Each structure stands twice: as C-alpha cells, then as structure tokens.
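*Asks:* Before anything else, here's the structure in question.
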Ligand SMILES: Nc1ncnc2c1ncn2[C@@H]1O[C@H](COP(=O)(O)OP(=O)(O)O)[C@@H](O)[C@H]1O
Ligand SMILES: [Mg+2]
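Protein chains in written order, with full-length UniProt numbering: chain A, 4 to 535; chain B, 331 to 382; chain C, 48 to 93, 136 to 276, 281 to 289, 293 to 301.
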C-alpha cells in the first residue's frame, strides 16, 4: 500500500522501543551515581583506556544507534556544557520521566495530557525549589564553597582527598576572579590551565600562583630561570625573512645578490634588536624561531619560547599586562617596540616534573592568575583527576555566581515529590495523574543512591519521605526540609548542617532539560526508517 | 548573499572602493555586542537602529 | 511467439521495492569489487653506499616512544575496509598491509610498520588478512607482500612482491628508504598531556 522503501513502527511498538532505549541509556550510568558510585573502564578497541565516572564522558565515548538514546546522550552533553555538573542525574531523571509517561500512555491517557501535566509539574517544581529549598550563601562564607567543592568531588577519584582539593579549587577560582560592567563578578573557569603529570601522589598536586606552560626553551643556551622577568608576547614567527607571493627577486647585476641575501636575515636581526633594546627578558611567540634568532636571544641572556599556544599566550599576556603584538608596526609606518608592551612577572623558572620540563610564570603583576599541576600514578588517573577537577571548578563557579544552594543527598527530590503529590489534587482532572507520575519519577535519585550503597532502599526512602511530609505538613518543622541521606551510615541526615550542598542552577537546569527531553520523545508515535 | 538583509536591517550601503567610503554610507545603531549563550556559542547582536 | 514488445508497464511500479532491495546489496558488493579491482589484477602480473647513518637512525628509532610500542590495526571485514578508506581526511596518507598467517617475509615488515607508526603519528598504517578481502589464487600464491597506500581516497603506492627489492628479514630503515625512493613519506616530548565553553579571561573592564 504505502510502497515506501523502509521499515515502519506504529503505536505501542515504537513507544516501547523508545522507552527501552532510554532505559538502557539510564542503566548504563545508573551505577556511577552518588558517593558510593564506582567508575567505569572504557576501551576503544584500539588499546586506549578511559577510566571515568562522568556521565557526559561515558555517553560521549559510546557509539549509539537508536535516536532516542542519542537524544539522551545529547541531553547529557548539553547539561555538561551549560552547568558542568549533574550530567548523570539529568539522564536518569529524563529516562524515569519517559518510562512513567509511557506507562500512563499505555493506560489510555493521551500523550498531550501527559505533556501538559509534566510541564505544569516542572514549573511548580522550579517555583517550589526557588521559594523554599534554596539556602542563601551570604551568611555561610567560604565554608559553603568548601562544602560545595567537597560534595562535587565526592564519587570521584579525588573524593577522600576533598579536604585539600576543595581548598585548592576555591583558591584557584578566587584567583581567576574578575569583575566587569554592570557590577557583576564573573569567574572565567577554563582560565585555570590544568597540567597533568604522573609521578608523586595526589597530595603533591601544586597550585601555581601564576601560569604554567607546557613548553620549554627553544635552545639549551638560554638561562633556565629569570628573576625580574619582562615578558614580551608576540603573535608572529621569528625566522629568515621571505618575500611574499606577489614579490619576485630578479637579478640582472651580479653585485646585488650578496646584499639581497644579507638583508634577507638582517631584517629579522633588526627586529630582534629592537625588541631586546627595551630590556625584555622573556619572549613568547606563537610562531617558530629558527637557530639564528635563538642565538640572538642566547647572547643577550634572554628566554625565548616558540610555538606557544594561542590561548596560553592570551592568558599570559592578560595576567602579566603584556599586549600581544602580531607585528612591530606603529601608526607612523615604522618598526618600533615600546617599553609599555612588556609584561611583568616575579619569576620565570623551567622546573622539572618526572623527566620532563615545564615553564612556570610565577606571581604575575597587575592581575592574579592560577594554574594546576595534577600528580597521579598514570595517565588514566591523571585524566580522571582532570575531569573531576573541572567538575569541581564548574560547581564552585556556579555557587559563586548565583548565591543560592540547595541541600544534597536527594533531599530536594524527596521534598519536590511530596509537594507535587500534594499539589496534583489541585490541578486538572486527567493531567493530575501526569503530575503525580512526575513526582514519583523525581524519587529515582535517592533510590539510585540507596541502591548503589547496597542498603535498604525502600525503608530509607520511606523514612526520607516521612520526614519531608512532616516538614511540609507542620508549619513549625521547616528545619526538616534539609533532611537528606547519609550514604555511609545508611540513615537520614540533615544535609544542610552536614555540609552537603550543590548549586540551585544544577537542579533547575537538570529538571528543565529532562522535562524537555521527555516531552520531545513522548511526541513520537510512528517511526519510518528508510533503507540506506 | 546576506548583504541585502544586512543593508535592509542596519541601513548601511555597501562600499567596494575606499574612495567612496564616506560617513553617509554608515548605519547608526544603538548597541552592537557579542552576547554569550551560556556556553552554547556566541551570538553577535545589533539591537536598536535609527530608521529601522 | 508474438508480442515481443512487452512494455511491462504496471509490473515494475509494484515491485520496485524488492528490486531496490536487491539493488542496494548489489551496489554494496559493487564498491568492494570495484575497489579491489585496482589492486587484485591491476598490476599483479607485471664507500657512501654503506649508509653509516642507517645505524644511528636505527638506534634513534629504538628509543622511539616511552608509553608503548602500539600495534597495527587489524581490519576484520571488507565493508570495514571500505568505510575506513573512504572515511578520514583525504590529505593524510593511509597505508594498508596485506598478509596471510604463515607466509615468510611478513613478521619483519609487521615490526617495521610498528616502528613506523611509533615514529610517525600522521600516517595510518593498518593491516588486514588477505583471505578476508578475498583475493584470487594468484594473489594468494605469489602476491603475499603487498603495500597498499591511500591518499586522497585513491591509490598512490601499489607495491606488491617486494621481497626481491627488500629482502626477507629487512630492518625498519630498509623499508623506510624503499618507500622514500618514490617520495611517499610526508614531511619535543610532552609530560603526558596538555589539552584540558569559550570563556577565556578578562580583566576589570
Ligand atoms: N556526601 C554526600 N552525602 C550524600 N549525598 C551526596 C554526597 N555527595 C554527593 N551526594 C549526592 O550524590 C548525587 C550524585 O552526584 P554525582 O553523580 O557525583 O554528580 P554528577 O551527576 O554530576 O556525576 C548528587 O545528586 C549529590 O546530591
Ligand atoms: Mg557531580
């Protein structure tokens, strides 16, 4: 009849297939949630190993075929990009929402009503979180940042080492702090250059009060350390001058060839002399430096580094006050290098790190920067440390930007479930079932934590729900809103007092993204797969 | 192919030779900034133009 | 026997589904046969000499890499071969290794390709069984050493029967020089790694 070249799935078949794919994706990463979660080994059939706990990384490395599973993977990636934390919780919540919504649909509830109920439940959950479950960080102080970093780094390779890594992360984030127009203190994470190097233990990871370059001097002749550095950042190569494409040298008088060839390098000689005549000590350029220019720097006792990365050069110039010069051309058509185009640093040292060397630009003036050197046991451990450290930095940035945090350990999810279950009776007649199922699906996070802890998930979640119900029914028991889970002892615990925090933005964005993904997948009721 | 839309929006007139590049060929705008979409890329926004 | 002008008419439009179903597999095989045509029978039938630098080059190659020696990728299927030769950038040279287990003159050039991959990160040395592709009897009897070189999606080096011009237990430098004879080779040590939105840095403003 149709005569279309492909397969067709219609009705409950395609819906069940989509829910199966989402559930499989959720079960892939369900075992890596919460402090009692465990990492995963990923092998790419070539011999490369990626030990990771990040949900976004796991879903990115895996090659997936089903479109709904791809939707969940992109959801995790988007959560990672826009927040930096909660990449596993968003996927689990979205899959649970999809499963419960499909159960409702199989109960002959129209998907439009389910979608409307889900949207209303998401709005009410966000409003309730922003009205009741937020804790202002103004009165908490640096302890709030430390606790947020420790909570973020739990369930990672740097978990128990939180007492030290949280201080390190907070110091780095505060170091890279800057303010802009509209009076907003903006924290540009990814300005912290994360350098990995196996060797000593995690305790030997260093927080550089400056910047760290994964580069060395171009020649062994130059000194490896300069005290009062005058950093000169350049964006052009220092090589023998070559005529451009449109210029060709044609010789008719033999006497001029030697002069031509001499000036061919005298041009670069003069440029280097102009640069060095102002007292520059450290010269960083993105382009290459050949042997003759390297010797020019050697004789003057300078420090020349070639093939410096563009982002690294920009960060060094911004921190040290130097201006990146793509050319030595001024507004008078001349070749000049003013002294004001020089950066300043308190030291530039080429340190040795496990039979390898890197350049440390220490204590730059006019701006404070930061870099991190992660010391581990092998490359895989260093990569996992870097991923966890990036997660912690993102969490600290979120806490510092928006001054609201919420208790962790499933407390917010349980409170939301209780409130939405109570609220569903006040809206609609058929979408109330959708709101109730949204509330029930919100309970998948504490259940997953308890399951990962190998404790009595049913009884523990029942106790948590009872605590939150008592909090929401009795006006005088508002202090019970912070009751979460203590996974080590398997008992409910006041997480706000215990120091388990996370940014409100993480929960809000995860809820919104999961609701949108569930709505998107729920609309599909007929799939046509054309034959390639 | 975006020249026509840009000129209709801003009010500029294209210039192909530096000799004819004058102030009368410019398009005044209230604001022109490159906003950041919460890590999802950068959008270059020009909002507010005389003679829209 | 009349009516030779059949004009099948309605027939095809009700059966083009099955016709295209067969045609897709026919074309899928067709890429494989057309690709293997350019090698299977295209050309099957047809004291400074001491190189003192060869020894120092071998010594430098012995210290190629620290982490691991790495192994040559083993292609497991024909369509895998097709979708790796067609994939990847056309500006890179991809070298394919043709061999069968047991034939002499193989392990030496396996080790040579291992050393080349260790030294050269750009090139994409890979190996695949001769029988997996499905070469003919003549290839399996007198064409085991085959050097398949890809560049731009098309062949630029098609060496076969290289034992006479290389030897039997040749070193890495020997095959490297042999490949360099036709200009086939395109022109620091980090700690472990460096690569860690787009917000980079600002200051006060
Ligand atoms: N010390 C702790 N006690 C109880 N719960 C915690 C603790 N630390 C983290 N959690 C909870 O574990 C959950 C899982 O976090 P995790 O999976 O590590 O983050 P992500 O989802 O970004 O990978 C979080 O929702 C958090 O509330
Ligand atoms: Mg986390």
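Quick reminder that beta carbons are idealized off the backbone N, C-alpha and C, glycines included.
Quick check on DSSP: helix, strand or coil for residue 201 of chain A?
*Replies:* Mapped onto the first chain, residue 201 of chain A falls at position 198. Here DSSP, grouped into helix, strand and coil, assigns residue 201 of chain A to strand.
*Asks:* Give me the chain C residues within the contact set of residue 354 of chain A, using Cβ-Cβ distance strictly less than 7 Å, ordered along the chain.
*Replies:* Translated into the one-based positions of the first chain, residue 354 of chain A becomes position 351. Neighbours of residue 354 of chain A on chain C: none; closest Cβ ~11 Å, over 7 Å.
*Asks:* Between residue 155 of chain A and ligand 2, is there a pair consisting of the residue's CB and a ligand heavy atom that are separated by less than 6 Å?
*Replies:* Here residue 155 of chain A refers to the residue found at position 152 when the first chain is read from its first residue. Residue 155 of chain A: yes, Cβ under 6 Å from ligand 2.
*Asks:* Quick check on residue 363 of chain B: does DSSP put it in helix, strand or coil?
*Replies:* If you number the second chain from 1, residue 363 of chain B lands on position 33. Residue 363 of chain B: strand per DSSP, three-state reduction.
*Asks:* Tell me where the alpha helix (DSSP H) around residue 90 of chain A begins and ends.
*Replies:* Taking the first residue of the first chain as 1, we reach residue 90 of chain A at position 87. In the DSSP assignment, residue 90 of chain A falls within the alpha helix (DSSP H) that extends over 90-109.
*Asks:* Can you check the segment 296-327 of chain A for any alpha helix (DSSP H) of at least 4 residues that lies completely inside it and give the ranges in chain order?
*Replies:* Fully enclosed alpha helix (DSSP H) runs of 4 or longer: 313-323.
*Asks:* Going along the chain, which residues of its own chain have a beta-carbon closer than 7 Å to the beta-carbon of residue 470 of chain A, five neighbours each way excluded?
*Replies:* Counting from one through the first chain, the residue named residue 470 of chain A turns up at place 467. Once the five neighbours on either side are set aside, the close Cβ partners of residue 470 of chain A are 483, 486, 495.
*Asks:* For ligand 1, is there any heavy atom lying closer than 6 Å to the beta carbon of residue 506 of chain A?
*Replies:* For the purposes of this step, residue 506 of chain A is taken as the residue at position 503 of the first chain. Checking the Cβ of residue 506 of chain A against ligand 1 gives no.
*Asks:* Residues of the segment 363-381 of chain B with a CB closer than 7 Å to any CB of chain A: list them in chain order, please.
*Replies:* 368, 369, 370
*Asks:* Taking the CB atoms as reference points, tell me whether residue 215 of chain A and residue 78 of chain A lie closer together than 7 Å.
*Replies:* On the first chain, position 212 is the one that residue 215 of chain A refers to. On the first chain, position 75 is the one that residue 78 of chain A refers to. No, these two residues do not count as a Cβ contact at 7 Å.
*Asks:* Consult DSSP for residue 339 of chain B and reduce its assignment to one of helix, strand or coil.
*Replies:* Taking the second chain and counting its residues from 1, one reaches residue 339 of chain B at position 9. Residue state, collapsed to three classes: helix.
*Asks:* Pick out whichever of A:8, A:377, A:70 has its Cα sitting closest to the Cα of residue 523 of chain A.
*Replies:* Walking along the first chain from the start, residue 523 of chain A turns up at place 520. It is A:70.
*Asks:* Check whether the Cβ of residue 88 of chain A sits closer than 6 Å to any heavy atom of ligand 2, and report yes or no.
*Replies:* By one-based count along the first chain, residue 88 of chain A stands at place 85. True, at least one ligand heavy atom lies under 6 Å from that Cβ.
*Asks:* Rounding to the nearest angstrom, what Cα-Cα distance links residue 254 of chain A and residue 180 of chain A in this structure?
*Replies:* Sequence index remark: in the first chain, residue 254 of chain A carries index 251 (1-based). Sequence index remark: in the first chain, residue 180 of chain A carries index 177 (1-based). Cα to Cα, residue 254 of chain A sits roughly 59 Å from residue 180 of chain A.
*Asks:* Can you pull the DSSP bridge partners for residue 162 of chain C?
*Replies:* By 1-based counting over the third chain, the position of residue 162 of chain C is 73. Paired residues: C:215.
*Asks:* Below 8 Å on the Cβ atoms is my guess for residue 440 of chain A versus residue 36 of chain A; work out the distance and round it to an integer in Å.
*Replies:* As a first step, residue 440 of chain A must be located in the first chain, where it is residue number 437. As a first step, residue 36 of chain A must be located in the first chain, where it is residue number 33. That pair is no contact at about 21 Å.
*Asks:* Could you check the C-alpha separation between residue 327 of chain A and residue 245 of chain A for me, to the nearest Å?
*Replies:* Looking up residue 327 of chain A in the first chain gives position 324. Looking up residue 245 of chain A in the first chain gives position 242. If I take the Cα positions, the gap works out to 23 Å.
*Asks:* Taking Cβ-Cβ distances shorter than 8 Å, what residues in chain C pair up with residue 162 of chain A?
*Replies:* Sequence index remark: in the first chain, residue 162 of chain A carries index 159 (1-based). None at all; the shortest Cβ gap to chain C is about 21 Å.
*Asks:* The segment 68-102 of chain A: which residues have C-beta closer than 7 Å to a C-beta of chain B, in chain order?
*Replies:* 84, 85
*Asks:* Taking the alpha-carbon positions, what's the residue 467 of chain A to residue 101 of chain A distance?
*Replies:* The residue given as residue 467 of chain A occupies position 464 in the first chain. The residue given as residue 101 of chain A occupies position 98 in the first chain. Going by the C-alpha atoms only, they are around 24 Å apart.
*Asks:* What does DSSP give as the partner residue(s) for residue 234 of chain A in the beta ladder?
*Replies:* On the first chain, residue 234 of chain A is found 231 positions in, with the first residue counted as 1. Answer is A:285, bridged to residue 234 of chain A.
*Asks:* Quick check on residue 77 of chain C - is its C-beta less than 7 Å from some C-beta in chain A?
*Replies:* Taking the third chain and counting its residues from 1, one reaches residue 77 of chain C at position 30. Output row for residue 77 of chain C: interface = no.
*Asks:* Counting contacts by CB-CB distance shorter than 7 Å, is residue 297 of chain C in contact with chain A?
*Replies:* Reading the third chain from its first residue, position 201 is the one you call residue 297 of chain C. Residue 297 of chain C counts as touching chain A.
*Asks:* Would you tell me roughly how many angstroms separate the C-alpha atoms of residue 199 of chain A and residue 370 of chain A, rounded to the nearest one?
*Replies:* As a working mapping, residue 199 of chain A is identified with position 196 in the first chain. As a working mapping, residue 370 of chain A is identified with position 367 in the first chain. In a straight line, the C-alpha of residue 199 of chain A is about 24 Å away from that of residue 370 of chain A.
*Asks:* Please tell me whether residue 285 of chain C has its Cβ less than 7 Å away from any Cβ of chain A.
*Replies:* As a working note, residue 285 of chain C is residue 192 in the third chain. Cβ-Cβ to chain A under 7 Å: yes for residue 285 of chain C.
*Asks:* Any idea which residues DSSP pairs residue 189 of chain A with across the strands?
*Replies:* Sequence index remark: in the first chain, residue 189 of chain A carries index 186 (1-based). In DSSP, residue 189 of chain A forms a bridge with A:181.
*Asks:* Grab the span of the beta strand (DSSP E) containing residue 214 of chain A for me, first residue to last.
*Replies:* Taking the first chain and counting its residues from 1, the one referred to as residue 214 of chain A is at position 211. Its beta strand (DSSP E) spans residues 213-216.
*Asks:* Along chain B, which residues have their Cβ under 7 Å away from the Cβ of residue 293 of chain C?
*Replies:* Here residue 293 of chain C corresponds to residue number 197 of the third chain, with the count starting at 1. Under the 7 Å cutoff, chain B gives 369.
*Asks:* Taking the CB atoms as reference points, tell me whether residue 159 of chain C and residue 197 of chain C lie closer together than 7 Å.
*Replies:* Translated into the one-based positions of the third chain, residue 159 of chain C becomes position 70. Translated into the one-based positions of the third chain, residue 197 of chain C becomes position 108. The criterion of a C-beta distance shorter than 7 Å is not satisfied by residue 159 of chain C and residue 197 of chain C.
*Asks:* Does at least one heavy atom of ligand 3 sit under 6 Å from the Cβ of residue 514 of chain A?
*Replies:* The model depicted lacks ligand 3 and carries ligand 1 and ligand 2 instead.
*Asks:* Indicate whether residue 229 of chain A and residue 325 of chain A have their beta-carbon atoms separated by less than 7 Å.
*Replies:* Here the question's residue 229 of chain A lines up with position 226 in the first chain. Here the question's residue 325 of chain A lines up with position 322 in the first chain. Against a cut-off of 7 Å, the Cβ pair of residue 325 of chain A and residue 229 of chain A comes out as no contact.
*Asks:* Is there a Cβ from chain D that is less than 7 Å from the Cβ of residue 226 of chain A?
*Replies:* The chain labelled as chain D is not found among the protein chains of the depicted structure, namely A, B and C.
*Asks:* Measure from the C-beta of residue 405 of chain A to each C-beta in chain C and report whether the shortest distance is under 7 Å.
*Replies:* Numbered from its first residue, the first chain carries residue 405 of chain A at position 402. Cβ-Cβ to chain C under 7 Å: no for residue 405 of chain A.
*Asks:* By how many angstroms is the C-alpha of residue 92 of chain A removed from the C-alpha of residue 85 of chain A?
*Replies:* Sequence index remark: in the first chain, residue 85 of chain A carries index 82 (1-based). Sequence index remark: in the first chain, residue 92 of chain A carries index 89 (1-based). Rounded to whole angstroms, residue 85 of chain A to residue 92 of chain A spans 14 Å at the Cα level.
*Asks:* Who does residue 168 of chain C pair with in a DSSP beta bridge?
*Replies:* Here residue 168 of chain C refers to the residue found at position 79 when the third chain is read from its first residue. Residue 168 of chain C pairs with nothing; no bridge assigned.
*Asks:* Between the segment 103-134 of chain A and chain C, which residues of the former have a C-beta closer than 8 Å to a C-beta of the latter?
*Replies:* none
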